[PDB]
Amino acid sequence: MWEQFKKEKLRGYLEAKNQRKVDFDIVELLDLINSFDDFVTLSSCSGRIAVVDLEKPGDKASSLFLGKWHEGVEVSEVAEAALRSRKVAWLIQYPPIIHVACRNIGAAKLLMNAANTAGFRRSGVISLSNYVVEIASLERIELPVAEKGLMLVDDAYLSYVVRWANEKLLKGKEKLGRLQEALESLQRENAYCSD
């Protein structure tokens, strides 16, 4: 059952790589994870900062992305997006989130422990069925900044909340890098020895 399950999920990942529908900056991590026998990736996001045009907060049905960045962003990029709002522009920082199915309870514990080592608090098994571990962090810089193309906050305040968003996104990338290291250190234990 596990090998057939992993083949199905891995086919989904390879199709997303072919369609260029995987965050370029964690293709390595995800490849690495899938190179363990007892893991298969399900989904991932390496973290982002966005500006989203929203009628009401949490109204995902009204939502339109005004701008989206997988890396640190200039205050200027953010204002630019916000000035294009037709409803309320929200600045949103999404931290990294990875889902990995694990073959058994020991494999889940291994991955959870590495995630924790890397600094991902709030990592957990979100489905016991195929021990799907979520590796994640607390998910809310989320604040309104413009309405119908007009700013709600002054340039100083915008600058402050963007710098903060940048700094959080970077810390997410740091933790992703550490997790890749940890898994690489693990995986490469006998890279230079047959025995």
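One-based numbering along the sequence shown.
Averaging the C-alpha B factors as listed in the entry, name the stretch that ends up higher: 161 to 169 or 56 to 64.
Of 56 to 64 and 161 to 169, the stretch with the higher C-alpha B-factor average is 56 to 64.
Stretch with the higher entry mean CA B-factor, where the candidates are 138 to 146 and 125 to 133
According to the entry, 138 to 146 carries the higher average C-alpha B-factor.
Would you mind checking which of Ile97, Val73, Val88, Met112 has the top Cα temperature factor in the PDB entry?
Comparing C-alpha B-factors across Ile97, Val73, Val88, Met112, the top value belongs to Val73.
Comparing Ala108 with the other modelled residues of its chain, is its CA B-factor in the lowest, middle or highest third?
Tercile = lowest for this residue's CA B-factor.
According to the PDB entry, is the CA B factor of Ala82 in the bottom, middle or top third of its chain, that is, lowest, middle or highest?
CA B-factor rank for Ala82: middle third.
How does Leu42 rank on Cα B-factor within its chain, lowest, middle or highest third?
Within its chain, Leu42 is a lowest-third residue by C-alpha B-factor, going by the deposited values.
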